[PDB]
Amino acid sequence: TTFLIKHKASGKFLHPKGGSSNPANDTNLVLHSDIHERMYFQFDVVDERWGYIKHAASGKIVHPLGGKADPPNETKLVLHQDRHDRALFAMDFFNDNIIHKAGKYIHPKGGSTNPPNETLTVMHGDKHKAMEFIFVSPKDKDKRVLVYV
Amino acid sequence: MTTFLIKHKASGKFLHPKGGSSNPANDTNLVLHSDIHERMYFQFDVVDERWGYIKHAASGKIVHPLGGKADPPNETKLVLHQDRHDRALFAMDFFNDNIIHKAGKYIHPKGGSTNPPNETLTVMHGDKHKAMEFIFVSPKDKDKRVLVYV
Amino acid sequence: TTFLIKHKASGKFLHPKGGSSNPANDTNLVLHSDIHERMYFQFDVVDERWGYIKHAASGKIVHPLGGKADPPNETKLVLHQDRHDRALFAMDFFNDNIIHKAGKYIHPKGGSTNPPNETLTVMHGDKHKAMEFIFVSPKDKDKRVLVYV
Amino acid sequence: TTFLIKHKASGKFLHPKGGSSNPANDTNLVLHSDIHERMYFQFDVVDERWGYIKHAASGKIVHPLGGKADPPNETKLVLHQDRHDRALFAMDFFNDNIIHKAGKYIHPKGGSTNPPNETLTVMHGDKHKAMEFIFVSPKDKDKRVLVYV
Ligand SMILES: OC[C@H]1O[C@@H](O[C@@H]2[C@@H](CO)O[C@](O)(CO)[C@H]2O)[C@H](O)[C@@H](O)[C@H]1O
Ligand SMILES: OC[C@H]1O[C@@H](O[C@@H]2[C@@H](CO)O[C@](O)(CO)[C@H]2O)[C@H](O)[C@@H](O)[C@H]1O
Ligand SMILES: OC[C@H]1O[C@@H](O[C@@H]2[C@@H](CO)O[C@](O)(CO)[C@H]2O)[C@H](O)[C@@H](O)[C@H]1O
Ligand SMILES: OC[C@H]1O[C@@H](O[C@@H]2[C@@H](CO)O[C@](O)(CO)[C@H]2O)[C@H](O)[C@@H](O)[C@H]1O
Ligand SMILES: OC[C@H]1O[C@@H](O[C@@H]2[C@@H](CO)O[C@](O)(CO)[C@H]2O)[C@H](O)[C@@H](O)[C@H]1O
Ligand SMILES: OC[C@H]1O[C@@H](O[C@@H]2[C@@H](CO)O[C@](O)(CO)[C@H]2O)[C@H](O)[C@@H](O)[C@H]1O
Ligand SMILES: OC[C@H]1O[C@@H](O[C@@H]2[C@@H](CO)O[C@](O)(CO)[C@H]2O)[C@H](O)[C@@H](O)[C@H]1O
Ligand SMILES: OC[C@H]1O[C@@H](O[C@@H]2[C@@H](CO)O[C@](O)(CO)[C@H]2O)[C@H](O)[C@@H](O)[C@H]1O
Ligand SMILES: OC[C@H]1O[C@@H](O[C@@H]2[C@@H](CO)O[C@](O)(CO)[C@H]2O)[C@H](O)[C@@H](O)[C@H]1O
Ligand SMILES: OC[C@H]1O[C@@H](O[C@@H]2[C@@H](CO)O[C@](O)(CO)[C@H]2O)[C@H](O)[C@@H](O)[C@H]1O
Ligand SMILES: OC[C@H]1O[C@@H](O[C@@H]2[C@@H](CO)O[C@](O)(CO)[C@H]2O)[C@H](O)[C@@H](O)[C@H]1O
Ligand SMILES: OC[C@H]1O[C@@H](O[C@@H]2[C@@H](CO)O[C@](O)(CO)[C@H]2O)[C@H](O)[C@@H](O)[C@H]1O
Ligand SMILES: OC[C@H]1O[C@@H](O[C@@H]2[C@@H](CO)O[C@](O)(CO)[C@H]2O)[C@H](O)[C@@H](O)[C@H]1O
Ligand SMILES: OC[C@H]1O[C@@H](O[C@@H]2[C@@H](CO)O[C@](O)(CO)[C@H]2O)[C@H](O)[C@@H](O)[C@H]1O
Ligand SMILES: OC[C@H]1O[C@@H](O[C@@H]2[C@@H](CO)O[C@](O)(CO)[C@H]2O)[C@H](O)[C@@H](O)[C@H]1O
Ligand SMILES: OC[C@H]1O[C@@H](O[C@@H]2[C@@H](CO)O[C@](O)(CO)[C@H]2O)[C@H](O)[C@@H](O)[C@H]1O
Ligand code: NI
């Protein structure tokens, strides 16, 4: 059920800022190269492709900060306990991205294919190699795993 | 695994075994037909992340390019066959709305029409366009997309 | 200045139906494998990429039948003497297609990559291998030529 | 025949570094917001879509530094007097980019959609909004002009 969200170009992973097992609400999601249980994710299916990206350790899920239905470019991604249909994402493992219900994608802030550790993540409509993500085994960061099962 | 219909997106016709038998013979052609019934239900058996077997639910037989070659050429017919091996691996791309073979070609209606008539055969072809799009829907509601990977 | 409009997948060319030096107004544009002076074309630049696709022998130009600004899918292509901005096209020699001012493309009617002789042409929004065209020398149908100079 | 090479996302233009009427061989090509006669370009057609990107004031043309047929990502763009088929580019005014004979594109170094003045340019194969260019009138930087005539 658990997987790592790996920035495709850099090999860094999605983390709660601070890497806590229980991040506070509205904790920013960053990219970091470390692997540990506090950066594992799960995907709770809600409606076919749509569901919640769940931080495994805490159970909080990925939100655009503020929870708007149509967040603008550069809206920061955070973890928050609330469940609602503005926190709906799809894990596009064919095109290798993470898309929000309103159509923008998870990006590293600043759009780099080699973002340093602690780089924030934001929503943005653009499509390029720096917004690509693959979903891999916690025991083997190079083995893709099916997030939907 | 979830049961679903394979619906040609532009026309609304569905993937069927030729003749619509509950136990198609090996190498029975896969065709498009407008009817819905239990003998055109499919399932998807995951083998390796995105890759798996497109399984005819009534018979247990799975989708093959005729002849089972690793890299089948354009116009290779799709058929049902009991054998399981890695040349019968497909992925159900429900984001781009197609069915892609392990070697990179897609399931097409033979002739590539967006309105193929009943009994039109299906073939492998590398082209991507409107006429090779498929969506995966509920046997109870042909307009409701369902998740085939669980 | 003169070039052939070659259906990229089949090698057939754009012709006035009947192959006449002076096609009547609203004569259909068809695909035919023959080469001769009555299927030569020119391009009259009007505004950067936009211009008139001119039948060389007659001076008539390519119109969507009826001259509408936003012709629907399957609108037939014809030759007509009139000049106006609803007959504006662009010769996209990078993506290999012919695009109308309102954004649809010249297609073989029926969308075949191997259309028979006398197949009509129509406007259609779809993009695929059967709507591709390249622009070649009247003396060598495999030598691309610049239509904008 | 003369035009400005405008970075589409930022509005900055291609310049010879230092802005000289006679840049020395292997002078870097940079982006800068100024307009003046020493950043005007022309395009000398050689083979259909392929030609030389000519600095109007000096007559030198755009090269990948070193003039190799298949330059790698991050090869700097410069001006050089020599004319040969490794300095062949095409001005894709449909997809809005500048492509080299071997298939890579002119990029701002660093791939920003808002590169600051003096940012160098390099070859890179990636396609995204930061490598888009449009070609405009020296008298009106928003009016696209046909570079091929
Ligand atoms: O931001 C994610 C990263 O957080 C690190 O944890 C921080 C340590 C450094 O280890 O110092 C603190 O700031 C205060 O205790 C931690 O929050 C993790 O070590 C990284 O693995 C990573 O998760
Ligand atoms: O950050 C994700 C969370 O955003 C909340 O929205 C904020 C509310 C608190 O409700 O106060 C604001 O800061 C100003 O209106 C909101 O942006 C949502 O209520 C949460 O459900 C969650 O999406
Ligand atoms: O293949 C079409 C698919 O469109 C999805 O919805 C799109 C959203 C994502 O929520 O972004 C857009 O592109 C712009 O609003 C939507 O069209 C559907 O959820 C899928 O079921 C599917 O129809
Ligand atoms: O934050 C995500 C976005 O980052 C952009 O990259 C910034 C460029 C704009 O190209 O200018 C900077 O601010 C400094 O170079 C970049 O950090 C991307 O262009 C967007 O596509 C998007 O990823
Ligand atoms: O090819 C798929 C279709 O097969 C039909 O079954 C054929 C009937 C028509 O009912 O006549 C035969 O050719 C001889 O019995 C059948 O094989 C199904 O009725 C359709 O639902 C469809 O499955
Ligand atoms: O059509 C799918 C099946 O094709 C078989 O391959 C055929 C063999 C039988 O082995 O006889 C031929 O017709 C001539 O070599 C093959 O095309 C596969 O063995 C099956 O596993 C299956 O893929
Ligand atoms: O896009 C990356 C993915 O590529 C898949 O392999 C592709 C095969 C499908 O097996 O079709 C090609 O396009 C033709 O070569 C392959 O690139 C992988 O199975 C995926 O894991 C993934 O890496
Ligand atoms: O069989 C699938 C393929 O069908 C092609 O369509 C045929 C065209 C060629 O375009 O000529 C015909 O034979 C008669 O018009 C078509 O049936 C598609 O071009 C291919 O993309 C593919 O779908
Ligand atoms: O439709 C374009 C084609 O028209 C042919 O001309 C017709 C001849 C056949 O030669 O018989 C007519 O229908 C009556 O005279 C002609 O209009 C051309 O020969 C072809 O080259 C082609 O242009
Ligand atoms: O077919 C191209 C031509 O279409 C004409 O439009 C037709 C008018 C004539 O004005 O009468 C109709 O048949 C019915 O309204 C029109 O479709 C244009 O006037 C021509 O300029 C030309 O575009
Ligand atoms: O890529 C931008 C270009 O768009 C052209 O306008 C497009 C028309 C053609 O007029 O077809 C559309 O796609 C329909 O919406 C237009 O966006 C401009 O003529 C070009 O100058 C250029 O801006
Ligand atoms: O007329 C141009 C259009 O032709 C379509 O092709 C027709 C298909 C629909 O797919 O059904 C037929 O009528 C018979 O097979 C085809 O002639 C294309 O799909 C369109 O893209 C367009 O080219
Ligand atoms: O690099 C392109 C820019 O060059 C500037 O010229 C430099 C001036 C600043 O005016 O100071 C120097 O570094 C030393 O003389 C110049 O090389 C141009 O003024 C800009 O218009 C621009 O071309
Ligand atoms: O920078 C563009 C120029 O590159 C030259 O190639 C360099 C020669 C100088 O002739 O010496 C080197 O530095 C060592 O091999 C070359 O990289 C070309 O000769 C010029 O034609 C021009 O392309
Ligand atoms: O439509 C295909 C075109 O290919 C061009 O050449 C391509 C070059 C750019 O020169 O980069 C590639 O993509 C890989 O090297 C080439 O295929 C031709 O110049 C065009 O005439 C045209 O054939
Ligand atoms: O030099 C042109 C290339 O710039 C890349 O951007 C660099 C990113 C990686 O995206 O890491 C940096 O070095 C610092 O953030 C960027 O300058 C682009 O990704 C390439 O597409 C290309 O444009
Ligand atoms: Ni794939």
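No hydrogens, no waters, no symmetry mates; every other heavy atom, side chains included, goes into these values. Just follow the structure's listing: the first ligand is 1, and inside any ligand the first atom is 1. Chain letters run A, B, ... following the sequence lines, proteins first, then strands; residues in each count from 1.
Closest to atom 21 (O) of ligand 7, if we only count protein heavy atoms, is A:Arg144 CD, 3.7 Å. For atom 4 (O) of ligand 13, the closest non-hydrogen atom of the protein is D:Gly18 C, 3.2 Å. In this structure, atom 19 (O) of ligand 7 lies nearest to the protein heavy atom B:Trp51 NE1, 3.0 Å. Looking only at protein heavy atoms, the nearest one to atom 11 (O) of ligand 12 is B:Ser113 OG, 3.0 Å. For atom 1 (O) of ligand 13, the closest non-hydrogen atom on the protein side is D:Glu118 OE2, 2.7 Å. Shortest contact from atom 23 (O) of ligand 13 to any protein heavy atom: D:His15 ND1, 2.9 Å. The protein non-hydrogen atom at the shortest distance from atom 9 (C) of ligand 7 is B:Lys102 O, 3.0 Å.
With respect to the salt-bridge test (charged N to carboxylate O, under 4.0 angstrom), the residues B:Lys13 and B:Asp35 do not qualify. Taking the charged nitrogens against the carboxylate oxygens, B:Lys130 and C:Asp126 do have a contact shorter than 4.0 Å, which makes a salt bridge. By the 4.0 Å N-to-carboxylate-O rule, D:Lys6 lies close enough to D:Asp142 to be salt-bridged with it. Comment: A:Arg144 engages A:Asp96 in a salt bridge, judged by a side-chain N to carboxylate O separation of less than 4.0 angstrom.
Atoms of ligand 12 found under 4.0 Å from any heavy atom of C:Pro108 (numbered from 1 in listed order, with element): 1 (O), 2 (C). Within ligand 13, the atoms closer than 4.0 Å to a non-hydrogen atom of D:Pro16 are 1 (O), 2 (C), numbered from 1 in the order shown. When each atom of ligand 13 is checked for a heavy atom of D:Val30 under 4.0 Å away, the hits are 1 (O).
The 12-atom threshold is exceeded at CD of D:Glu74, counting heavy atoms of other residues, nucleotides or ligands nearer than 6.0 Å. Shown here is D:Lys143, whose NZ atom has more than 12 heavy atoms of other residues, nucleotides or ligands within 6.0 Å. Heavy atoms from other residues, nucleotides or ligands lying under 6.0 Å from NZ of D:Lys127 number more than 12.
Within the 4.0 Å cut-off (strictly below), no protein heavy atom is located near atom 14 (C) of ligand 13. Protein non-hydrogen atoms do not reach within 4.0 Å of atom 6 (O) of ligand 7. For atom 17 (O) of ligand 7, the nearest protein heavy atom lies 4.0 Å or farther away.
Under the 4.0 angstrom criterion for non-hydrogen atoms, D:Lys17 is in contact with ligand 13. Look at C:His107 and you'll find a heavy atom under 4.0 Å from some atom of ligand 12. Note on ligand 7: A:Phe94 sits outside its first shell, no heavy atom being nearer than 4.0 Å.
Residue-level proximity to ligand 12 for B:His129 is absent, since no heavy atom of it falls below 4.0 angstrom. Contact annotation: for B:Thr114 versus ligand 12, heavy atoms closer than 4.0 Å belong to both the backbone and the side chain. At a heavy-atom cutoff of 4.0 Å, ligand 12 is contacted by no atom of B:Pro116, backbone or side chain. Contacts with ligand 13 closer than 4.0 Å are made by side-chain heavy atoms of D:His36 only, the backbone lying farther away. Under 4.0 angstrom from ligand 12, there are no non-hydrogen atoms of B:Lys130. At a heavy-atom cutoff of 4.0 Å, ligand 13 is contacted by no atom of D:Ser20, backbone or side chain.
Ring pair D:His80/D:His55: centre-to-centre distance not below 6.0 Å. With ring centers used as reference points, A:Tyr148 lies under 6.0 Å from A:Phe43. Residues B:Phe14 and B:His8 keep their aromatic ring centres 6.0 Å or farther apart.
A donor atom on one side chain and an acceptor atom on the other are found under 3.5 Å apart for C:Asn73 and C:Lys104. Inspection of the C:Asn28 and C:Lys17 side chains reveals an N or O donor paired with an N or O acceptor under 3.5 Å.
Annotation: cation-pi pair A:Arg49/B:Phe94 absent, no NZ/CZ under 6.0 Å from the ring centroid and within 45° of its normal.
Scanning B:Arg50, A:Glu132, A:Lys143, B:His101 for the heavy atom closest to atom 20 (C) of ligand 7 points to B:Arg50.
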